[PDB]
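Listed here are the chains, written in short residue letters.
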Amino acid sequence: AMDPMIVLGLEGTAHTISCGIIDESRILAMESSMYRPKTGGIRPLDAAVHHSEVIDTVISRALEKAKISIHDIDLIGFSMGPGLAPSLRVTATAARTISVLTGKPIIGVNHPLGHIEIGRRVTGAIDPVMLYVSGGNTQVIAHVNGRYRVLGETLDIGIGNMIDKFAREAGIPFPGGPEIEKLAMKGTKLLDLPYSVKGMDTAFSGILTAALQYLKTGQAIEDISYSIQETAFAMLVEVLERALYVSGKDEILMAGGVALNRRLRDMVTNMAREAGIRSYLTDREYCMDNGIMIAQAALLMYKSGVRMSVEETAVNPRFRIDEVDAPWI
Amino acid sequence: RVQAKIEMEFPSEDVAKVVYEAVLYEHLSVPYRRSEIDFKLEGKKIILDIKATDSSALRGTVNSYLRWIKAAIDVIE
Amino acid sequence: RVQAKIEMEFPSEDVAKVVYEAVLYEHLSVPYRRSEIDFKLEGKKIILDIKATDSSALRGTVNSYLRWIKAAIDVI
Ligand SMILES: [Mg+2]
């Protein structure tokens, strides 16, 4: 028979370097090494170097996890997808070698694809709409024309950064997100923030500046912090609702560092009841960058016959998700 | 203009082969040079030959490649 | 082990002078040696000769010196 087909995934687009291992029915292994810049904001050259030194130990601790023999790995999927050049080349290289070292095939995966497919996998969704909310990414994507199509998006700032550049203007350690999350709790009143949805696209610069101007005005912070969430998540809840009843589907998935917000999850599962369609809240841990979500998106590619000899492979920091054919829904 | 030349020896001649290959794909991959590099394989030893305008340019290029080779090396190991 | 050899030429022989001096004071300040460095002054050209155990170790060294040198030049 055809033995349970096993893959190993390498994620390394931004700051997270992770390696996963799965097969059709299993999730044999997976751990990451996040580059933690106490500073804050993008730090490309520093990131690659982080990786470069721990990529060694991730892919190797993993094998131990899966407790599978090294011979047992069949495919090798890395994240050639969108991201930071220094990091992508580090991952790309590392893979191009492991493929040789272990003597098996290899394919380049697209990054956000992995977020969909791993989330889709983890929940059992057949053809959902996706809410990509990571660093500088505010994406709402869906499988429509035999490929994953991006419908709406932020025209200025990824929701995640607007969040952090307020914390880093309201004097707060770069653990910005959650610090403002468990801060909007004690928010008493709702101030006014520029609500900008237009089609399925959004803008966030407006929110920020109007929020900073309120800040120096000497307003509350719990109030500002509270208002910004309800105002921006309001903007996503609308766009979502729309994305659904445009490409006509009955399911949702949240992927990203932003997607770990306790109140955002609520405002979504709530829209679920009112839309009449399932709000699969993916495993609270698979929301950040992981190597294994790569393995999952590769598995699917190879299984549908898509293959690529080593030479063809090369990073692409500008990798459109609708550039890859996804013929399996 | 600056001038650079790096050489690192590997235990065996085949390890050299592997690392060369791995990184060679990356060499070719790059669109924009911030300097001119010459890639070569020797015995069990890879050779780098760089020509940059200033010292800030050359530096970044080195960092790249040296990071790539440490990637290949460590995987093999 | 890795072997390294760099050379940058300057406009005049005195710019080399000044610079080498700026870096040489730093060379001598250095407490640690993740690799061995040989510092030399030529015509209008400074010369480096590094010997590292590994490539990562070699890398960080070059960043130090090459980052010291751009420091000098730029003030000048
Ligand atoms: Mg991501």
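Draft legend 1. Looking closely at the overall build of chain B. Across its full length, chain B carries 2 helices and 3 strands. Ordering the α and β elements of chain B from the N terminus gives β-α-β-β-α. Here the C-alpha radius of gyration of chain B, 12 Å, is about what a compact globule of 77 residues would show, namely 11 Å. With respect to the three principal axes, the spread of C-alpha positions in chain B is 35 × 20 × 15 Å. Relative to its 77 residues, chain B shows a buried fraction of 56%. Summed over all atoms, the accessible surface of chain B reaches about 3,500 Å², with 49% contributed by carbon and sulfur. A distance of 6 Å separates the average location of the 12 positive side-chain charges in chain B from that of its 13 negative side-chain charges.

Draft legend 2. Spotlight on the domain arrangement of chain A. Residues and elements named next belong to chain A. Each assigned domain of chain A is listed here: domain 1 (1-126 + 283-329) and domain 2 (127-282). Each side of the interface is counted separately: domain 1 has 29 residues, and domain 2 has 25 residues. A buried area of about 2,300 Å², summed over both sides, lies between domain 1 and domain 2, and 63% of it is on carbon and sulfur atoms. By the criterion of area lost to domain 2, the three top residues of domain 1 are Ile116, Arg284 and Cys287, representing 28% of everything that side buries. Seen at the junction of domain 1 and domain 2, the total is 2 salt bridges.

Draft legend 3. Examining the nonpolar core more closely. Judged by nonpolar contacts, the single largest core of 54 residues is most densely connected at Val7, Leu8, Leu10, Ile21, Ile55, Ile59 and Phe78 of chain A. A total of 8 residues in this core trace back to one element, the largest contributor, which is helix α9 (residues 292-303) of chain A. Both domains that meet at this core, namely domain 1 (1-126 + 283-329) and domain 2 (127-282) of chain A, each give it at least three residues. In this structure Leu8 of chain A touches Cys19, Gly20, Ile21, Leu63, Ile73, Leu75, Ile76, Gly77 and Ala295 of chain A, once residues within four positions along its chain are discounted. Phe10, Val15, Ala16 and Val30 of chain B belong to the second-largest nonpolar core, a separate cluster that totals 49 residues.

Draft legend 4. Spatial organisation of α9 of chain A. All names here are of chain A. For α9, spanning 12 residues, the distance from its first C-alpha to its last is 16 Å, which sits close to the expected 16 Å at 1.5 Å a residue. Most of α9 is tucked away, with 9 of its 12 residues classed as buried. Among the residues of α9, those classed as buried are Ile292, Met293, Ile294, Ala295, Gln296, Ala297, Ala298, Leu299 and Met301. Against β1 (6-11), β2 (16-23), β3 (29-34), β4 (75-79), β5 (107-109) and α3 (111-123) lie the buried residues of α9. Immediately downstream of α9, the backbone of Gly305 shows phi near 85°, a positive value.

About the thresholds
Residues numbered from 1 in each chain as written, not as in the entry; some residues may be left out. Chains lettered and ligands numbered in written order. Heavy atoms only, no water. Helix = DSSP H or I, 4+ residues; strand = E, 2+ residues; numbered from the N terminus. Rg over C-alpha atoms; globule rule 2.2 N^0.38 Å. Buried < 20%, exposed > 50% of the residue type's maximum accessible area, 1.4 Å probe, protein only. Areas by Shrake-Rupley, 256 points an atom, 1.4 Å probe, with all protein chains shown as cover. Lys, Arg positive; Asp, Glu negative; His and termini not counted. Charge placed at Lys NZ, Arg CZ, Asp CG, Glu CD. Domains from an automatic or database assignment. Contact = heavy atoms within 4.5 Å. Buried area = accessible area lost by both parts, 1.4 Å probe. Salt bridge = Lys/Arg side-chain N within 4 Å of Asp/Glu carboxyl O. Core = buried A, V, L, I, M, F, W, Y, C linked by side-chain atoms within 4.5 Å. Expected span 1.5 Å × (residues − 1).

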